[PDB]
Amino acid sequence: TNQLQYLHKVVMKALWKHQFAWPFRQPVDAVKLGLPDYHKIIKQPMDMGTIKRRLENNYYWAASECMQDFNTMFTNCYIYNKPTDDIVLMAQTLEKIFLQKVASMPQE
Ligand SMILES: CCOc1cc(C(=O)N2CCC(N3CCN(C)CC3)CC2)ccc1Nc1ncc2c(n1)N(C1CCCC1)c1ccccc1C(=O)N2C
């Protein structure tokens, strides 16, 4: 759809290249990060690499599902980390761009 095309070529294009994008371009590696509780707390991991792959393979049936994947990625970050962590602020900056671009998505 026009909306999924927009999410791929506008929203993800802007978010993927952002200076703050790098921790979100692939799954949280709880083993490399020394986080034995990450998967005990975060039951649905999500990342931009997964979302990008889903958009490339036409995995989504509705723009709202892709939006939920973005939202889950950000919420995972806010829920697992501590309020003062830099990563929370990076998520907030990316999420603001996400919402700003979503405000201009084509209707269906
Ligand atoms: C794919 C790996 O990516 C990461 C990379 C680095 C990294 O600096 N080096 C630095 C030098 C690199 N060289 C340089 C020389 N060359 C020849 C070879 C390559 C090697 C790797 C750190 C963390 C990463 N990965 C991450 N992925 C999700 C999260 C995440 N870190 N952080 C953030 C903390 C501050 C910024 C990222 C979290 C940390 C704890 C708990 C949760 C989260 C979290 O919520 N997220 C989403």
Side-chain angles (χ1 to χ4, degrees), residues 1-107:
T1 71
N2 57 343
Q3 292 184 332
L4 282 162
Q5 167 72 5
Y6 182 90
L7 285 164
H8 188 14
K9 298 292 180 65
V10 178
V11 174
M12 179 60 82
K13 186 207 191 189
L15 294 172
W16 184 259
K17 298 170 145 280
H18 195 277
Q19 44 181 340
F20 293 165
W22 71 259
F24 307 94
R25 281 184 185 138
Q26 64 286 305
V28 166
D29 190 336
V31 171
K32 279 193 216 349
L33 294 183
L35 307 172
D37 69 340
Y38 188 82
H39 289 291
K40 309 245 175 285
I41 292 170
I42 298 307
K43 299 314 203 310
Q44 210 199 160
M46 189 50 58
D47 65 285
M48 295 207 290
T50 297
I51 300 169
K52 182 163 197 143
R53 179 185 344 161
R54 282 171 173 193
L55 289 164
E56 290 165 351
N57 291 344
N58 296 284
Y59 164 92
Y60 295 113
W61 285 4
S64 66
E65 312 174 17
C66 176
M67 286 165 71
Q68 300 300 341
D69 278 350
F70 275 110
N71 183 75
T72 290
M73 172 184 78
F74 293 131
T75 300
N76 287 349
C77 185
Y78 306 140
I79 287 179
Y80 183 73
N81 294 283
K82 312 168 110 185
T84 317
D85 293 338
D86 281 354
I87 193 60
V88 164
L89 173 167
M90 294 163 64
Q92 293 172 301
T93 299
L94 294 169
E95 187 159 43
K96 277 162 232 291
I97 292 158
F98 168 76
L99 285 179
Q100 186 173 355
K101 301 294 190 188
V102 156
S104 296
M105 186 172 68
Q107 292 170 301

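These values consider heavy atoms only, across backbone and side chains, with no hydrogens, waters or symmetry-generated copies. Quick note: residue numbers are just sequence positions, from 1.
With hydrogens and angles ignored, the 3.5 Å screen pairs a side-chain donor or acceptor of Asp47 with a backbone N or O of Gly49.
With sequence neighbours excluded, the residues forming a side chain to side chain contact (heavy atoms under 4.5 Å, CB included) with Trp22 are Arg25, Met90, listed by chain and number. With sequence neighbours excluded, the residues forming a side chain to side chain contact (heavy atoms under 4.5 Å, CB included) with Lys9 are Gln5, listed by chain and number. Scored by the side chain to side chain contact (heavy atoms under 4.5 Å, CB included) test, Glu56 finds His8, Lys52 as partners (sequence neighbours excluded).
The salt bridge (charged side-chain N to carboxylate O under 4.0 Å, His left out) contacts involving residues 72-94 comprise nothing, where partners must be two or more places apart or lie in separate chains.
The heavy-atom pair separating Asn76 from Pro45 by the smallest distance is ND2-CA, 3.7 Å. The shortest non-hydrogen separation linking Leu15 to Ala21 is O-CB, 3.0 Å.
Residues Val28 and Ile51 are members of separate hydrophobic clusters, defined by side-chain heavy-atom contacts under 4.5 angstrom among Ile, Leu, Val, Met, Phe, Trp and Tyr. Note on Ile42 and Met48: separate hydrophobic clusters, where clusters join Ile, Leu, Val, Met, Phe, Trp and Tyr whose side-chain heavy atoms are under 4.5 Å apart, directly or indirectly.
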Check: residues 61-73 side-chain donor-acceptor pairs under 3.5 Å, at least two apart:
unit_1, atom_1, unit_2, atom_2, d
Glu65, OE2, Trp61, N, 3.3
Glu65, OE2, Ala62, N, 3.4
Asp69, OD2, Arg54, NH1, 3.0
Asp69, OD2, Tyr60, OH, 2.4
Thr72, OG1, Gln68, O, 3.0

Please report, to 0.1 Å, the donor-acceptor pairs under 3.5 Å made by any side chain of residues 91-103, with sequence neighbours excluded.
unit_1, atom_1, unit_2, atom_2, d
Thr93, OG1, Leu89, O, 3.1
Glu95, OE1, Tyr78, OH, 2.4

Can I get a per-line list of side-chain donor-acceptor pairs under 3.5 Å for residues 30-41, giving both atom names and the distance, sequence neighbours left out?
unit_1, atom_1, unit_2, atom_2, d
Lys32, NZ, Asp29, OD2, 3.2
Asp37, OD1, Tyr80, OH, 2.4

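Atom OG1 of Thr75 and atom CD of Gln44 lie 10.5 Å apart (nearest 0.5 Å). Interatomic distance, CE of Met105 versus CD of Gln107, reported as 9.5 Å (0.5 Å rounding).
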